[PDB]
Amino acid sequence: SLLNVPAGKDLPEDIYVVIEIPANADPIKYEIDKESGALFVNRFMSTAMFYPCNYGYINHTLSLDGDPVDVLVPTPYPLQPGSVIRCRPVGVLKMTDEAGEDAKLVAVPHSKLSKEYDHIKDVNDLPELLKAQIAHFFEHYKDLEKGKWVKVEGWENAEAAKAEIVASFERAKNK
């Protein structure tokens, strides 16, 4: 099942992301249920917004907020919910939310899957417009949700991204 995917062939440089929400999809927020492995509807989003990249998580990781590390993966075409993609982390979007700090990684497809992202080694190599669309989306997609808000602190580099993965993987085994 999806519950049995490895975090990575060679963490933290080489990771697998389980995709929950495709890029440019209808505003349905899917999540994988950690008990069954099944795709569940978490909610229907109320803003007219879509994820600018595919979104999901790295399995067998536990971040400080209790869930697996979440990741945005740009792809040339949207992926299926439930599918697993081999990626390399490239940066981290840091936010503070109603429950305090949040981080969302950005990871690009592994060169085995595509050469299109070989030149993106770090957070400065992502297109500016994509980064602005990512930040704008996380600032506004919960606007019409009562008692929730998000605010962006800014981007950090591939090394900071890798540290969050390691820290949350090691955390997942004992805790």
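Numbering starts at 1 and runs along the sequence shown.
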Higher of the two mean Cα B-factors (123 to 131, 52 to 60; per PDB record) comes from 123 to 131
Tell me which of 141 to 149 and 40 to 48 has the higher mean C-alpha B-factor in the deposited entry. 141 to 149
70, 31, 26, 65, ranked by C-alpha B-factor: the highest one: 65
Against its chain's modelled residues, does residue 99's Cα B factor rank lowest, middle or highest third? highest
Would the CA B-factor of residue 12 place it in the lowest, middle or highest third of its chain? middle
